[PDB]
file start_11.cif (mmCIF, C-alpha atoms (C1' of nucleotides))
data_coords
#
loop_
_atom_site.label_atom_id
_atom_site.label_comp_id
_atom_site.auth_asym_id
_atom_site.auth_seq_id
_atom_site.Cartn_x
_atom_site.Cartn_y
_atom_site.Cartn_z
CA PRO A 1 120.87 54.23 101.60
CA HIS A 2 124.46 53.87 102.84
CA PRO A 3 127.02 52.83 100.22
CA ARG A 4 129.71 50.54 101.62
CA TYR A 5 130.92 49.19 98.29
CA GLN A 6 131.54 50.42 94.79
CA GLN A 7 128.68 50.68 92.33
CA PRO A 8 128.71 49.90 88.61
CA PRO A 9 128.42 52.85 86.25
CA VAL A 10 124.81 53.14 85.11
CA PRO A 11 124.28 52.51 81.35
CA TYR A 12 122.99 55.22 79.02
CA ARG A 13 119.71 55.48 77.16
CA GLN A 14 119.90 59.16 76.22
CA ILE A 15 123.14 61.12 75.75
CA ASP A 16 121.85 63.30 78.61
CA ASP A 17 122.53 60.34 80.89
CA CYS A 18 126.21 60.92 80.24
CA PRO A 19 127.68 63.67 82.43
CA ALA A 20 128.29 66.78 80.36
CA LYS A 21 132.09 67.10 80.90
CA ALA A 22 132.53 63.54 79.57
CA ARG A 23 130.24 63.98 76.58
CA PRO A 24 132.84 64.99 74.00
CA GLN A 25 135.09 62.02 74.81
CA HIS A 26 132.02 59.75 74.73
CA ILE A 27 130.92 61.13 71.36
CA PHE A 28 134.43 60.77 69.98
CA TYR A 29 134.54 57.10 70.96
CA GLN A 30 131.17 56.46 69.40
CA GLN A 31 132.27 57.88 66.10
CA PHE A 32 135.59 56.10 66.46
CA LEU A 33 134.17 52.66 67.23
CA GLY A 34 131.27 52.78 64.80
CA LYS A 35 129.63 49.40 64.29
CA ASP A 36 132.25 47.81 66.52
CA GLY A 37 130.64 49.57 69.48
CA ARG A 38 127.31 47.82 69.12
CA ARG A 39 126.57 44.63 71.05
CA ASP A 40 127.09 41.45 69.02
CA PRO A 41 124.95 38.61 70.46
CA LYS A 42 127.20 35.81 69.16
CA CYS A 43 130.29 37.13 70.99
CA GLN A 44 130.96 36.52 74.66
CA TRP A 45 132.90 38.81 76.95
CA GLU A 46 136.45 37.51 76.96
CA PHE A 47 138.52 40.66 76.60
CA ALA A 48 139.34 43.96 78.15
CA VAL A 49 141.66 46.88 77.97
CA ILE A 50 143.12 47.96 81.27
CA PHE A 51 144.01 51.65 81.41
CA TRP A 52 146.13 52.93 84.25
CA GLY A 53 147.77 56.06 85.58
CA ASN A 54 148.24 58.36 88.55
CA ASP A 55 145.23 60.62 87.90
CA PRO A 56 141.88 59.24 89.07
CA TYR A 57 139.90 62.16 87.61
CA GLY A 58 140.87 61.53 84.01
CA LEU A 59 140.28 57.85 84.52
CA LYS A 60 136.77 58.59 85.76
CA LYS A 61 136.04 60.62 82.64
CA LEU A 62 137.37 57.67 80.53
CA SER A 63 135.13 55.25 82.45
CA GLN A 64 132.14 57.51 81.86
CA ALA A 65 133.09 57.83 78.19
CA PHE A 66 133.32 54.16 77.21
CA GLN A 67 129.75 53.00 77.55
CA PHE A 68 128.30 51.08 74.60
CA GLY A 69 126.68 47.80 73.62
CA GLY A 70 129.93 45.98 72.96
CA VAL A 71 132.31 48.12 75.00
CA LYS A 72 131.65 48.70 78.73
CA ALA A 73 133.96 50.33 81.27
CA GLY A 74 133.92 49.33 84.90
CA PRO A 75 134.46 51.91 87.64
CA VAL A 76 137.74 53.55 88.67
CA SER A 77 139.74 51.07 90.73
CA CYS A 78 143.40 50.71 91.62
CA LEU A 79 146.30 48.26 91.51
CA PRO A 80 147.99 46.85 94.62
CA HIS A 81 150.88 49.07 95.65
CA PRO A 82 153.93 46.80 95.26
CA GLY A 83 156.07 47.89 98.15
CA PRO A 84 155.33 47.03 101.77
CA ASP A 85 155.69 50.80 101.50
CA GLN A 86 152.58 52.90 100.76
CA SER A 87 153.47 54.48 97.44
CA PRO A 88 151.88 56.75 94.87
CA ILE A 89 148.59 55.03 94.08
CA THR A 90 148.19 53.69 90.57
CA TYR A 91 144.54 53.90 89.51
CA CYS A 92 143.03 51.81 86.71
CA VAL A 93 139.93 51.14 84.62
CA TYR A 94 138.96 47.90 82.94
CA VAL A 95 137.10 48.46 79.67
CA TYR A 96 135.42 45.17 78.76
CA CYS A 97 135.11 44.04 75.13
CA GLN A 98 133.39 41.20 73.30
CA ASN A 99 136.34 40.46 70.99
CA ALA A 100 140.07 41.04 70.48
CA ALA A 101 139.76 43.36 67.47
CA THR A 102 137.49 45.71 69.38
CA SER A 103 139.83 45.78 72.38
CA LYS A 104 142.80 46.81 70.18
CA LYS A 105 140.52 49.39 68.59
CA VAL A 106 139.65 50.72 72.06
CA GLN A 107 143.30 51.13 72.94
CA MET A 108 143.88 53.06 69.74
CA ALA A 109 140.77 55.21 70.27
CA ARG A 110 142.06 56.52 73.57
CA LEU A 111 145.45 57.18 71.93
CA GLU A 112 143.83 59.29 69.23
CA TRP A 113 141.83 61.17 71.83
CA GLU A 114 145.07 61.97 73.64
CA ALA A 115 146.61 63.09 70.36
CA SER A 116 143.78 65.59 69.82
CA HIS A 117 143.71 66.73 73.46
CA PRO A 118 147.20 67.44 74.79
CA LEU A 119 145.83 68.53 78.16
CA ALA A 120 144.27 65.10 78.64
CA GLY A 121 146.73 62.86 80.41
CA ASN A 122 148.72 60.06 78.85
CA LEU A 123 147.44 56.72 80.08
CA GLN A 124 149.20 53.37 80.00
CA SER A 125 147.19 50.43 78.67
CA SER A 126 147.25 46.70 78.06
CA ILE A 127 145.09 44.11 76.34
CA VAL A 128 143.47 41.63 78.70
CA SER A 129 142.32 38.05 77.95
CA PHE A 130 140.05 35.92 80.11
CA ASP A 131 140.05 32.12 80.01
CA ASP A 132 136.35 32.12 80.78
CA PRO A 133 133.67 34.57 79.64
CA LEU A 134 132.41 37.20 82.06
CA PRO A 135 128.73 37.43 83.10
CA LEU A 136 128.10 40.64 81.16
CA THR A 137 125.51 38.94 78.87
CA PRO B 1 144.91 61.76 99.13
CA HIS B 2 141.81 61.08 96.98
CA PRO B 3 139.26 59.93 99.61
CA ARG B 4 136.51 59.40 97.02
CA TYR B 5 138.60 56.93 95.04
CA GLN B 6 139.54 53.38 96.01
CA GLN B 7 142.63 52.54 97.98
CA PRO B 8 144.91 49.54 97.51
CA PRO B 9 144.63 47.08 100.41
CA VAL B 10 147.50 47.39 102.88
CA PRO B 11 150.29 44.74 103.10
CA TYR B 12 151.06 42.75 106.27
CA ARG B 13 154.44 42.43 107.94
CA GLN B 14 153.18 39.69 110.24
CA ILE B 15 150.02 37.63 110.44
CA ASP B 16 148.54 39.61 113.33
CA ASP B 17 148.22 42.51 110.87
CA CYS B 18 145.79 40.57 108.74
CA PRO B 19 142.22 41.62 109.62
CA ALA B 20 140.57 38.98 111.78
CA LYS B 21 137.84 37.84 109.39
CA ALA B 22 140.27 37.28 106.53
CA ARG B 23 142.89 35.58 108.69
CA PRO B 24 141.70 31.96 108.34
CA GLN B 25 141.77 32.13 104.53
CA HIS B 26 145.05 33.98 104.76
CA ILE B 27 146.71 31.22 106.82
CA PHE B 28 145.38 28.52 104.54
CA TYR B 29 146.44 30.31 101.34
CA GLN B 30 149.91 30.88 102.74
CA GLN B 31 150.40 27.20 103.35
CA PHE B 32 148.83 26.20 99.99
CA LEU B 33 150.79 28.63 97.86
CA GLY B 34 154.00 27.64 99.60
CA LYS B 35 157.16 28.74 97.79
CA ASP B 36 154.98 30.24 95.01
CA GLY B 37 153.76 32.93 97.38
CA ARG B 38 157.21 34.44 97.70
CA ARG B 39 158.21 37.16 95.23
CA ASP B 40 160.40 36.01 92.38
CA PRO B 41 162.18 39.18 91.20
CA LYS B 42 162.71 37.73 87.71
CA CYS B 43 158.98 37.26 87.05
CA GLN B 44 156.77 40.04 85.75
CA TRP B 45 153.17 40.66 86.64
CA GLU B 46 151.33 39.31 83.65
CA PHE B 47 148.59 37.26 85.24
CA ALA B 48 145.60 37.52 87.45
CA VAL B 49 142.68 35.55 88.69
CA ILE B 50 139.38 37.39 88.71
CA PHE B 51 136.87 36.22 91.34
CA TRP B 52 133.30 37.38 91.12
CA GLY B 53 130.04 37.03 93.01
CA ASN B 54 127.16 38.88 94.67
CA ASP B 55 128.55 39.09 98.21
CA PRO B 56 130.88 42.05 98.52
CA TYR B 57 131.74 41.03 102.10
CA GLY B 58 132.93 37.58 101.06
CA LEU B 59 134.98 39.16 98.33
CA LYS B 60 136.44 41.61 100.83
CA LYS B 61 137.62 38.72 102.97
CA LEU B 62 139.22 37.10 99.91
CA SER B 63 140.87 40.37 98.88
CA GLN B 64 142.37 40.83 102.33
CA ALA B 65 143.45 37.19 102.48
CA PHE B 66 145.48 37.16 99.28
CA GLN B 67 148.38 39.44 100.11
CA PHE B 68 151.84 37.93 99.55
CA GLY B 69 155.13 38.51 97.74
CA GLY B 70 153.94 37.01 94.46
CA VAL B 71 150.19 37.22 94.96
CA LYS B 72 148.45 40.57 95.51
CA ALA B 73 144.73 41.22 95.47
CA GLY B 74 143.25 44.53 94.40
CA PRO B 75 140.26 46.07 96.18
CA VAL B 76 136.65 44.96 95.91
CA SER B 77 135.27 46.36 92.69
CA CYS B 78 132.45 45.42 90.35
CA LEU B 79 131.61 44.58 86.74
CA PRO B 80 129.32 46.70 84.64
CA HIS B 81 125.76 45.39 84.76
CA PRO B 82 124.62 44.90 81.15
CA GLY B 83 121.00 45.96 81.32
CA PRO B 84 119.66 49.44 82.11
CA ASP B 85 117.64 47.76 84.88
CA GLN B 86 117.79 46.71 88.51
CA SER B 87 119.84 43.55 88.56
CA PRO B 88 122.08 42.34 91.36
CA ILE B 89 125.46 44.01 91.27
CA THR B 90 128.22 41.56 90.46
CA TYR B 91 131.29 42.35 92.54
CA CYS B 92 134.80 41.22 91.64
CA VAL B 93 138.37 41.02 92.89
CA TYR B 94 141.48 40.83 90.71
CA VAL B 95 144.25 38.78 92.31
CA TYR B 96 147.49 39.62 90.55
CA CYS B 97 150.16 36.96 90.02
CA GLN B 98 153.74 36.86 88.85
CA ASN B 99 153.28 33.82 86.62
CA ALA B 100 150.73 31.38 85.22
CA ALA B 101 151.45 28.46 87.54
CA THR B 102 150.78 30.66 90.54
CA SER B 103 147.52 31.95 89.12
CA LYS B 104 146.35 28.34 88.62
CA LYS B 105 147.31 27.69 92.25
CA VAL B 106 145.33 30.75 93.44
CA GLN B 107 142.22 29.57 91.63
CA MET B 108 142.67 26.10 93.14
CA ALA B 109 143.34 27.41 96.64
CA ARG B 110 139.98 29.13 96.76
CA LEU B 111 138.31 25.96 95.44
CA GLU B 112 139.92 24.03 98.31
CA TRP B 113 138.81 26.52 100.91
CA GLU B 114 135.26 26.30 99.62
CA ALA B 115 135.45 22.50 99.72
CA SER B 116 136.54 22.56 103.38
CA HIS B 117 133.92 25.10 104.34
CA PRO B 118 130.52 24.32 102.85
CA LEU B 119 129.02 27.41 104.52
CA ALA B 120 131.24 29.58 102.31
CA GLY B 121 129.82 31.10 99.17
CA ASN B 122 130.89 29.76 95.79
CA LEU B 123 132.91 32.32 93.89
CA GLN B 124 133.15 32.20 90.12
CA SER B 125 136.65 32.72 88.72
CA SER B 126 138.78 33.06 85.60
CA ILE B 127 142.46 33.17 84.72
CA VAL B 128 143.52 36.52 83.30
CA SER B 129 146.35 37.32 80.87
CA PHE B 130 148.00 40.66 80.21
CA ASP B 131 149.76 41.57 76.93
CA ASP B 132 152.00 44.01 78.75
CA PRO B 133 153.34 43.66 82.31
CA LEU B 134 151.69 45.66 85.11
CA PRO B 135 153.62 48.24 87.22
CA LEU B 136 153.70 46.13 90.41
CA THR B 137 157.54 46.21 90.32
"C1'" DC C 1 135.49 27.78 113.76
"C1'" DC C 2 133.86 30.35 110.08
"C1'" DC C 3 129.73 31.56 107.43
"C1'" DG C 4 126.65 35.45 105.20
"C1'" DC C 5 124.64 39.55 106.15
"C1'" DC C 6 123.95 43.76 108.92
"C1'" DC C 7 125.16 48.53 110.85
"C1'" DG C 8 127.26 53.46 112.13
"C1'" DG C 9 130.99 56.69 111.76
"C1'" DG C 10 134.48 59.57 109.55
"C1'" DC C 11 137.47 61.60 106.16
"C1'" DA C 12 138.46 64.89 102.64
"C1'" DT C 13 136.91 65.70 98.94
"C1'" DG C 14 136.00 66.98 93.53
"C1'" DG C 15 132.78 67.58 90.04
"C1'" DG C 16 128.22 69.80 88.67
"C1'" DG C 17 127.22 74.14 88.18
"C1'" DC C 18 127.52 78.96 88.97
"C1'" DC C 19 129.84 83.55 87.89
"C1'" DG C 20 133.47 86.32 86.64
"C1'" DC D 1 132.90 80.74 77.60
"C1'" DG D 2 136.13 78.14 81.19
"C1'" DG D 3 138.12 78.61 85.94
"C1'" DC D 4 136.68 78.02 90.58
"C1'" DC D 5 134.11 76.38 94.52
"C1'" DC D 6 131.88 73.81 98.41
"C1'" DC D 7 128.73 70.24 100.56
"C1'" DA D 8 126.63 65.89 98.76
"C1'" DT D 9 129.54 62.31 97.96
"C1'" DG D 10 132.43 57.81 97.34
"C1'" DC D 11 135.24 55.31 99.92
"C1'" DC D 12 136.73 52.30 103.84
"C1'" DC D 13 136.90 50.73 108.78
"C1'" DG D 14 135.47 47.46 112.04
"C1'" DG D 15 132.07 45.62 115.25
"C1'" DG D 16 127.90 42.47 115.78
"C1'" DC D 17 124.29 38.61 115.16
"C1'" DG D 18 122.12 34.11 114.52
"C1'" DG D 19 123.38 29.98 112.49
"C1'" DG D 20 125.62 25.60 110.89
#

call {"tool": "encode", "arguments": {"input": "start_11.cif", "output": "structure tokens"}}
result
Amino acid sequence: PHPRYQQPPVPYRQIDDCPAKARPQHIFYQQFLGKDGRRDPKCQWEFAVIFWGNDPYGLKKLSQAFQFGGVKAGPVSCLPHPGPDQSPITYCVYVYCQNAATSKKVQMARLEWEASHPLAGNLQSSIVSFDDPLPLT
Amino acid sequence: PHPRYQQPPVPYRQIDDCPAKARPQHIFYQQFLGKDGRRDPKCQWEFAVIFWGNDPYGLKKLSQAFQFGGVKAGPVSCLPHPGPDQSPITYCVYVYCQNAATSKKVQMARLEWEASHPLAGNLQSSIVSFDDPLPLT
DNA sequence: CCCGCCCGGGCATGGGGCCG
DNA sequence: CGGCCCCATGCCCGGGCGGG
């Protein structure tokens, strides 16, 4: 068909479903998150980490990399550009989490990835709280 | 620059610049937000309201309508869909705000519009908090 | 007046995959 | 290997329709 609007990243069953160039980051996060990456039925989706920066390509790899039961990235999006001026675009990715601890852990995971991979770009991040749970079931 | 990644909606100098379909909501929101729509240079961008639903077109109208000094919508994006199945995509729009009062007002403003216009679709929403301020200057 | 839902066109890729 | 490439791709515009 004809896409007019963004589509959600498709979830993985096999590691093959994850695009090859993003596989190491993905694997890293798995090992990093451990049990915290599995879906916990009792938790509801109230948290996120927003990652942002000027490079959409790296952000896409990050989005492709965080896909798990309890940690799910949305697609690459962007922030409003502040000036009435059209400025350098600031891209972002929301990584949704089922609790606060996991979101902090997610932040730190990406930091450690950057530490091990100098050529990866340095992303800004912030913890996000939602008053009401998101329909991520 | 980066045609395959999303672009931040463009600001309006005057009301004629607002795309036609979004213009009624835009007018209404302007009047409802009142002084709170103007930028307060002391405030930092720590809040948002996320609106979500299944109509990307409705959400596009909302995104275009909320563009002000202190209220700035991002583009139409979507949430991850939890199951590895075919389920309706849930689209969303983050509307960024310079303080908490204003975000409450934004939430309310859309509720009012929906109350005046029963043909309009009912958007779910939540207030959103950031630990660190966003680079909306 | 405004609603949801529909459609075609156009840009400049940029990332999966080949080859040096 | 890992740097490089090129056309399937991801994005956005804006008009239109029948209806309440």

call {"tool": "residues_around", "arguments": {"input": "start_11.cif", "residues": "residue 26 (chain A)", "least_positions_apart": "4", "cutoff": "10 Å", "atoms": "all atoms listed in the file", "output": "ChimeraX atom specification"}}
result
/A:15,18-22,30-32,61-68

call {"tool": "atom_distance", "arguments": {"input": "start_11.cif", "atom1": "CA of residue 135 (chain B)", "atom2": "CA of residue 131 (chain A)"}}
result
22.3 Å

call {"tool": "interface_residues", "arguments": {"input": "start_11.cif", "of": "chain D", "to": "chain A", "cutoff": "12 Å", "atoms": "all atoms listed in the file", "output": "list in words"}}
result
residues 2, 9, 10, 11, 12 and 13 of chain D

call {"tool": "interface_residues", "arguments": {"input": "start_11.cif", "of": "chain A", "to": "chain B", "cutoff": "6 Å", "atoms": "all atoms listed in the file", "output": "PyMOL selection string"}}
result
chain A and resi 6+8+11+74+77+79-80+82+84+126-132+136

call {"tool": "interface_residues", "arguments": {"input": "start_11.cif", "of": "chain C", "to": "chain B", "cutoff": "12 Å", "atoms": "all atoms listed in the file", "output": "JSON, numbers by chain"}}
result
{"C": [1, 2, 3, 4, 5, 6, 10, 11, 12, 13, 14, 15]}

call {"tool": "calpha_fit_rmsd", "arguments": {"input": "start_11.cif", "fixed": "chain A", "moving": "chain B"}}
result
1.0 Å

call {"tool": "atom_distance", "arguments": {"input": "start_11.cif", "atom1": "CA of residue 123 (chain A)", "atom2": "CA of residue 28 (chain A)"}}
result
17.0 Å

call {"tool": "atom_distance", "arguments": {"input": "start_11.cif", "atom1": "CA of residue 16 (chain A)", "atom2": "CA of residue 100 (chain A)"}}
result
29.9 Å

call {"tool": "resolve_selection", "arguments": {"input": "start_11.cif", "expression": "the PyMOL selection byres ((chain D and resi 5) around 12)", "output": "JSON, numbers by chain"}}
result
{"C": [13, 14, 15, 16, 17, 18, 19], "D": [3, 4, 6, 7]}

call {"tool": "axis_aligned_box", "arguments": {"input": "start_11.cif", "around": "region 12-16 of chain A", "padding_each_side": "6 Å", "output": "lines of an AutoDock Vina configuration file"}}
result
center_x = 121.4
center_y = 59.3
center_z = 77.4
size_x = 15.4
size_y = 20.1
size_z = 15.3

call {"tool": "resolve_selection", "arguments": {"input": "start_11.cif", "expression": "the PyMOL selection byres ((chain B and resi 99) around 8)", "output": "PyMOL selection string"}}
result
chain B and resi 43-47+97-98+100-103

call {"tool": "decode", "arguments": {"input": "start_11.cif", "residues": "region 52-81 of chain B", "atoms": "N, CA, C and O atoms", "output": "compact mmCIF listing (two decimals), in the first residue's frame"}}
result
# COMPACT_ATOMS: atom_id res chain seq x y z
N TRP B 52 -3.26 10.12 22.28
CA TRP B 52 -3.19 8.98 21.38
C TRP B 52 -4.56 8.48 20.93
O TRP B 52 -5.59 8.74 21.58
N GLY B 53 -4.54 7.78 19.80
CA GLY B 53 -5.75 7.28 19.17
C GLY B 53 -5.46 6.54 17.87
O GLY B 53 -4.30 6.40 17.48
N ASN B 54 -6.50 6.07 17.20
CA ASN B 54 -6.31 5.30 15.98
C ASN B 54 -6.45 6.08 14.68
O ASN B 54 -6.22 5.53 13.60
N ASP B 55 -6.80 7.36 14.77
CA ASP B 55 -6.95 8.18 13.58
C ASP B 55 -5.75 9.08 13.44
O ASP B 55 -5.60 10.05 14.19
N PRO B 56 -4.88 8.77 12.48
CA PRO B 56 -3.68 9.59 12.34
C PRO B 56 -4.04 10.98 11.80
O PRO B 56 -3.33 11.93 12.11
N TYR B 57 -5.13 11.08 11.05
CA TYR B 57 -5.55 12.35 10.45
C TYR B 57 -6.05 13.33 11.51
O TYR B 57 -5.74 14.54 11.47
N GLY B 58 -6.80 12.80 12.47
CA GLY B 58 -7.28 13.61 13.58
C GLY B 58 -6.10 14.13 14.37
O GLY B 58 -6.03 15.31 14.72
N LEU B 59 -5.15 13.23 14.62
CA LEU B 59 -3.96 13.59 15.37
C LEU B 59 -3.12 14.60 14.61
O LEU B 59 -2.46 15.45 15.22
N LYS B 60 -3.15 14.54 13.28
CA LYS B 60 -2.38 15.50 12.50
C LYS B 60 -2.98 16.87 12.70
O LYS B 60 -2.26 17.83 12.96
N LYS B 61 -4.31 16.95 12.62
CA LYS B 61 -4.99 18.21 12.88
C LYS B 61 -4.60 18.77 14.27
O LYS B 61 -4.25 19.93 14.40
N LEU B 62 -4.64 17.92 15.29
CA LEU B 62 -4.27 18.39 16.63
C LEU B 62 -2.82 18.90 16.66
O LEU B 62 -2.53 19.97 17.21
N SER B 63 -1.91 18.12 16.07
CA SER B 63 -0.51 18.49 16.03
C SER B 63 -0.30 19.85 15.38
O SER B 63 0.44 20.69 15.89
N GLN B 64 -0.96 20.07 14.24
CA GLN B 64 -0.87 21.37 13.59
C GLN B 64 -1.50 22.48 14.42
O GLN B 64 -1.01 23.60 14.44
N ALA B 65 -2.58 22.17 15.13
CA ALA B 65 -3.29 23.19 15.89
C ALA B 65 -2.51 23.66 17.11
O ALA B 65 -2.57 24.83 17.46
N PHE B 66 -1.73 22.79 17.76
CA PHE B 66 -1.06 23.28 18.95
C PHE B 66 0.34 23.71 18.57
O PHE B 66 1.32 22.98 18.78
N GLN B 67 0.45 24.97 18.15
CA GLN B 67 1.73 25.59 17.88
C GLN B 67 1.68 27.02 18.42
O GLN B 67 1.01 27.87 17.85
N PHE B 68 2.43 27.27 19.49
CA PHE B 68 2.38 28.54 20.21
C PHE B 68 3.74 28.80 20.85
O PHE B 68 4.66 28.00 20.70
N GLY B 69 3.86 29.91 21.57
CA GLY B 69 5.10 30.23 22.25
C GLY B 69 5.47 29.21 23.30
O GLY B 69 6.62 28.77 23.37
N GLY B 70 4.50 28.85 24.13
CA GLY B 70 4.71 27.95 25.25
C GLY B 70 4.13 26.57 25.08
O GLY B 70 4.20 25.74 26.00
N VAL B 71 3.52 26.32 23.92
CA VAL B 71 2.93 25.02 23.62
C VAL B 71 3.32 24.62 22.20
O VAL B 71 3.00 25.32 21.25
N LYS B 72 4.04 23.51 22.07
CA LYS B 72 4.54 23.08 20.76
C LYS B 72 4.32 21.60 20.56
O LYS B 72 4.91 20.79 21.29
N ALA B 73 3.53 21.23 19.57
CA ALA B 73 3.34 19.81 19.29
C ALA B 73 4.46 19.28 18.43
O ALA B 73 4.99 19.99 17.58
N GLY B 74 4.82 18.02 18.66
CA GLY B 74 5.69 17.27 17.77
C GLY B 74 4.87 16.68 16.64
O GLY B 74 3.66 16.92 16.56
N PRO B 75 5.52 15.93 15.75
CA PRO B 75 4.79 15.32 14.63
C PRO B 75 3.90 14.16 15.05
O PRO B 75 3.89 13.75 16.20
N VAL B 76 3.16 13.61 14.10
CA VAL B 76 2.36 12.44 14.39
C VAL B 76 3.26 11.23 14.38
O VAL B 76 3.92 10.94 13.39
N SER B 77 3.29 10.52 15.49
CA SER B 77 4.14 9.34 15.63
C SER B 77 3.26 8.22 16.14
O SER B 77 2.03 8.36 16.19
N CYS B 78 3.86 7.10 16.53
CA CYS B 78 3.05 6.03 17.10
C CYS B 78 3.75 5.30 18.23
O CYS B 78 4.96 5.43 18.41
N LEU B 79 2.97 4.55 18.99
CA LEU B 79 3.48 3.72 20.08
C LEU B 79 3.89 2.37 19.51
O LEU B 79 3.47 2.01 18.42
N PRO B 80 4.74 1.63 20.24
CA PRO B 80 4.94 0.26 19.78
C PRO B 80 3.65 -0.52 19.94
O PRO B 80 2.89 -0.23 20.86
N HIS B 81 3.37 -1.50 19.08
CA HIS B 81 2.22 -2.34 19.37
C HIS B 81 2.76 -3.60 19.99
O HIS B 81 3.65 -4.23 19.44
